[PDB]
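To begin, one chain is listed below as C-alpha cells, in the form deposited in one PDB entry.
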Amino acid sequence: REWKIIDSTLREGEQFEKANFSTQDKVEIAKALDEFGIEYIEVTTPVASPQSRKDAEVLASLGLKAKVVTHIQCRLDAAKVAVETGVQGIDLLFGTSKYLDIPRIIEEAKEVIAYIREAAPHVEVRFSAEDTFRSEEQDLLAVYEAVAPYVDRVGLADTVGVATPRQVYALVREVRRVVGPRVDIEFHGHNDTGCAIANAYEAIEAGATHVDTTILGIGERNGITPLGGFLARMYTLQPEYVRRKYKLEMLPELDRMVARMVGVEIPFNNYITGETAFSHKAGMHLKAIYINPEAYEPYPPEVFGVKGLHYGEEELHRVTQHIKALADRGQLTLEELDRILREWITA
C-alpha cells in the first residue's frame, strides 16, 4: 500500500488551545515540512478570517514542493475565495451526522464542484464528511457515490474521536467499492479514544491513500494523528519506503520547533522524541522477568535522528545537482545518500 501525508499543523493545529502562529511561524513550519518531504500541507480555510486568507495566500505562493491545500463549506462564495488564494487543492465539507436533507447536500456540492472545475481546472477537488463515524454509512455512501465521478478524492473525518479501528477499515472498504478505481480516499482522525494512529493505519490497510497528521498531534482537544507516532507505526511495516520518502532524521527538529512555538514540553513518553521513548529502568531487565535476554527495540533511534537514444539524463542531472547542493551546504549525510540512491542501485 502506498500513501501520502496531509500535514494539518496549519489547519487542525490552529485549533490547539495554545497555538497562535504568526505568518513567519507558518512559513518556518511549511518550509521544514517541505524539506522533510511531506506531500500536502493543509491550511485553515481562507474564508475564516482576513489573516487566514492572507496566510493561505503566502503559503500557497512559497514555491514549496508540497501541495498547499485548503477546505471550504459547500458555498460558491467560499470556493471563490479559496481559488483566489492560489491553493492547489480544495476540500468541500458536508455533514450527515445523526448528531447534526441529502438531496440538498448533493446539489449544493455539484454546483460548487462545477464552479471549481471551470474556474481552476488544475486544482484538486476533495469531498469530505464531518463527523463521519457518527453518520449512517448508507447516507455517507450515497453522497460519496454521487460526487465521486467529479472529484479527485473523498475524505472520512472522525471529528469527535470515537471511531474504532475495525469501523474505519470496514467503511474505507465500502467507500472504495463506491468511488471506483480512480478516486483516492483521505482519513482524518481525532485521538479522544486513543485510536488516531491505529485508525489512520487501518484506513491505509483498507485502501486509503492519504492521512492527516500534525506535529506532536496538536489540535482541538487532545488532537489528531501525530506525525512521529504515525511514522513509527508505518516504519515498522514499510521501513524502506518510509525512510526513502521522508527525512526521518529531522523529526526531533520538527517536534522541538512546534513545542517551542506553542509553549509545551515534549511529553515524557512522546513517540520517538520523548525522554523515555527508547529507555528502561537500569537493572530491571532481568532473566527472571523476560524470556528474551535483550531489552526489546521496535526501531532504532538514530533512524529518527535521536541520540538508439538514451533515457535518464534528466534524472541524472537532478540527482547529481541535488547531491552536490547538499555537499556544499555541509548536509550530505549517509542517510541522504541512501534515500537519494537506493531506488537507482538496488532492485
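Don't overthink the numbering: it's just position in the shown sequence, from 1. Residues that one form lacks are left out of the comparison. Between two forms, the rigid core is the largest collection of C-alphas that superpose within 1.5 Å.
There is another form of this protein, the form deposited in another entry, and it is not shown here; the text below is about that form.
K.L.:
Honestly, after the rigid core fit, is residue 61 moving at least 2 Å at Cα between this form and the one not shown?
P.N.:
Moves: no, less than 2 Å.
K.L.:
Rigid core fitted, is the C-alpha displacement of residue 279 between this form and the one not shown 2 Å or more?
P.N.:
Residue 279: C-alpha displaced by less than 2 Å between this form and the one not shown.
K.L.:
Please determine whether the C-alpha atom of residue 290 is displaced by 2 Å or more between this form and the one not shown following superposition on the rigid core.
P.N.:
Yes, the C-alpha moves 2 Å or more.
K.L.:
Pin down for me whether the residue 269-residue 288 Cα distance shrinks or grows in that other deposited form relative to this form (closer or farther, change of 3 Å or more).
P.N.:
Note: Cα gap between residue 269 and residue 288 shrinks in that other deposited form.
K.L.:
Residue 293 to residue 278, Cα distance in that other deposited form relative to here: closer or farther, by 3 Å or more?
P.N.:
Residue 293 and residue 278 sit closer together in that other deposited form.
K.L.:
Superpose on the core, then tell me which runs of at least 3 consecutive residues have all their CA atoms shifted by 2 Å or more between this form and the one not shown.
P.N.:
Those runs whose C-alphas all shift by 2 Å or more are 101 to 104, 280 to 295.
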